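In the form deposited in one PDB entry, a lone chain appears below as structure tokens.
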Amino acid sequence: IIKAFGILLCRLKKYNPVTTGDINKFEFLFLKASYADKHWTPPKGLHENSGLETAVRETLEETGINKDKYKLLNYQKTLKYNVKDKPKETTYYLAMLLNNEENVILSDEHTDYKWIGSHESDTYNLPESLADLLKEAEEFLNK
């Protein structure tokens, strides 16, 4: 079972079109893989040798954002997918930025970053499981 771990990093939206109803004030960091499928995902990476150690290191390497720049919230999820018919699990840990204006620094693994919401799932061509992830995360963040 191949294991990947990432941090689902959220921030507060800088603007809301509507400030009336029950709304989604939050948005998650998504990097666009520079190769192959050009996948959009949260920052993540392969376990080596704690899943959170993995998450924090790969998030650092992938975005330049260290653990001290964000607060790990009490929510997580595991997505199971088969890679070339080999069982894989990716666990994401919700974390919110302390500074809403923290700047993403990409490595050569990605070409683009966007802060998105669960409603933008299809536009970003996210698998139903990552959309589920975003949905649940928003449920948690807005409760």
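We call the rigid core whatever largest set of C-alpha positions still superposes within 1.5 Å between the two forms. Numbering starts at 1 and runs along the sequence shown.
The protein also exists as the form deposited in another entry; that form is not presented, and the subsequent description refers to it.
The rigid-core alignment places the CA of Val83 2 Å or more apart between the shown form and the other one. The rigid-core alignment places the CA of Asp68 less than 2 Å apart between the shown form and the other one.
Once both forms are overlaid on the rigid core, the distance between the two CA positions of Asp37 between the shown form and the other one is 2 angstroms or more.
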